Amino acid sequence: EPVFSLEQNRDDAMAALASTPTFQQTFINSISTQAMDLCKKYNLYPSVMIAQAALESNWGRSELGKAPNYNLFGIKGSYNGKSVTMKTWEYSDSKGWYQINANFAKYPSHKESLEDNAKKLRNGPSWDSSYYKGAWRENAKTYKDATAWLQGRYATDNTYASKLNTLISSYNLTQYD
């Protein structure tokens, strides 16, 4: 017959404690606060933003994603005049796969990179401000509607939504929504 004890509970809890999360979990932990704030300001799903950031940056390990560039989404151009040049792959039916130098935005931190993603979704590309409307929280009943909307639009990749959904459930990213 079980006997309840707070002292024992605390001792068990501490005995089970792990000192360090996986690099994957640590990456999520490092951007979740800013994602919640920005996604509230732009009315988007934080779970979808965090999943996108992990996917597009390889858990923050790509050369663009880590310091001192902080460019999680591999956005081309500059940010307030700042940029970094590096080789990137391009494809054309004409030449095939080939490398080329491009300029990528350079941010002060991950925060401004996340904000660019939020602006992109909410404000849209210049030719259609409502392009990502299906990922707006006021139009998407669940995050699955949002990810389904990004597929074919944000990236050409017919399993894009499925990848985002897998990240979201595997790390319970809806806790942030």
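Sequential numbering from 1, following the sequence displayed.
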>> Quick check on the record: does 23 to 31 or 130 to 138 carry the larger mean Cα temperature factor?
In response: 130 to 138
>> Using only C-alpha atoms and the B-factors in the entry, which stretch averages higher, 43 to 51 or 66 to 74?
In response: 66 to 74
>> Is residue 108 in the lowest, middle or highest third of its chain when residues are ranked by C-alpha B-factor?
In response: highest
> Looking at the C-alpha B-factor of residue 173, is it in the lowest, middle or highest third of its chain?
Replying inline: lowest
>> Test of reading the entry: by CA B factor among the chain's modelled residues, which third contains residue 147?
In response: lowest
